[PDB]
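Beneath this line is the structure, given in structure tokens, with notes to follow.
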Amino acid sequence: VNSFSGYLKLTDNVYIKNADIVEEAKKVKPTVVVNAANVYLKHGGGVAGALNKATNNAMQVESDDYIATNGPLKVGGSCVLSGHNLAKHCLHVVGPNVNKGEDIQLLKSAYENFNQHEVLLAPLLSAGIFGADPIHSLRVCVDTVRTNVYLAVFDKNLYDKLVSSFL
Numbered sequence: 003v004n005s006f007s008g009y010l011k012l013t014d015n016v017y018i019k020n021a022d023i024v025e026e027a028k029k030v031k032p033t034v035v036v037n038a039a040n041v042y043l044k045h046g047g048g049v050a051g052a053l054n055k056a057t058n059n060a061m062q063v064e065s066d067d068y069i070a071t072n073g074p075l076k077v078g079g080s081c082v083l084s085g086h087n088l089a090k091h092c093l094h095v096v097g098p099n100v101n102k103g104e105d106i107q108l109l110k111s112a113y114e115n116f117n118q119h120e121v122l123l124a125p126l127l128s129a130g131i132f133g134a135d136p137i138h139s140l141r142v143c144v145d146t147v148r149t150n151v152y153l154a155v156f157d158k159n160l161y162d163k164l165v166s167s168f169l
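Just so it is clear: in the sequence shown, position 120 is 122 by the deposited numbering, and no numbers are missing.
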């Protein structure tokens, strides 16, 4: 049992809710919140911009130190950093960005990072400003993630379409 509430069960292990991931995280304080990161951990927009703003830029300051020490991530890769006031940890995951010409096939590799964590609160990877079709992202999520993932979708109209088109 956990405190996630109001989710619709899609499969054994995948759950979905029309919710603001920042508000979900502040309420639940999950062990892991997933960020829609880029390889430079530049948290300017989309989910990353929202999560970083909720940390009053502490996520960005921490990320700058990570990059100075370790260099950029890979597309499809991830790192674990602090969750600050949102979660114990933030799993920064880099989905391909179609607006950068990146190969959508890397989306499966991106979702595989979720399997290293028993429970996650997450957005749909590569959706939003990353340019992929969220219906496809949900399909890859369900077909890749085996651990328990609680998906938060901000946009009500896209949430409704994601549920109503799910096979």
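Ideal Cβ positions, reconstructed from N, Cα and C, are used throughout, including at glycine.
As assigned by DSSP and simplified to three states, the class of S111: Start at 1 with the first residue of the sequence shown, and residue 111 comes out as number 109. Residue state, collapsed to three classes: helix.
Supposed close pair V95, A134 - CB separation, criterion 8 Å: On the sequence shown, residue 95 is found 93 positions in, with the first residue counted as 1. On the sequence shown, residue 134 is found 132 positions in, with the first residue counted as 1. The pair is not a contact, with the Cβ atoms about 13 Å apart (cut-off 8 Å).
Within 8 Å, strictly: CB atoms of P125 and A89: Sequence index remark: in the sequence shown, residue 125 carries index 123 (1-based). Sequence index remark: in the sequence shown, residue 89 carries index 87 (1-based). It is not a contact, given that the beta carbons lie outside the stated cut-off.
Pairwise C-alpha distance: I137 and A52: For this step, residue 52 is matched to residue 50 along the sequence shown. For this step, residue 137 is matched to residue 135 along the sequence shown. Cα to Cα, the separation comes out at about 22 Å.
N87 versus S7: straight-line alpha-carbon distance, rounded: Taking the first residue of the sequence shown as 1, we reach residue 87 at position 85. Taking the first residue of the sequence shown as 1, we reach residue 7 at position 5. Their Cα atoms are separated by approximately 20 Å.
Per-residue burial, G97 [other beta carbons within 10 Å of its own, 16 or more giving buried]: Along the sequence shown, read from residue 1 onward, the residue named residue 97 stands at position 95. With 16 or more Cβ atoms within 10 Å of its Cβ, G97 is classed as buried.
Proximity to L93 [Cα-Cα], best of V24, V36 and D162: Counting from 1 along the sequence shown, the entry for residue 93 is found at position 91. The residue with the shortest Cα to Cα distance from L93 is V36.
Cβ contact (3+ pairs, closer than 8 Å) linking the segment 17–28 and the segment 60–80: no
Spatial distance of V144 from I131 (CA atoms): Position 142 of the sequence shown, counting from 1, holds the residue named residue 144. Position 129 of the sequence shown, counting from 1, holds the residue named residue 131. Near 21 Å, if we compare the C-alpha coordinates of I131 and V144.
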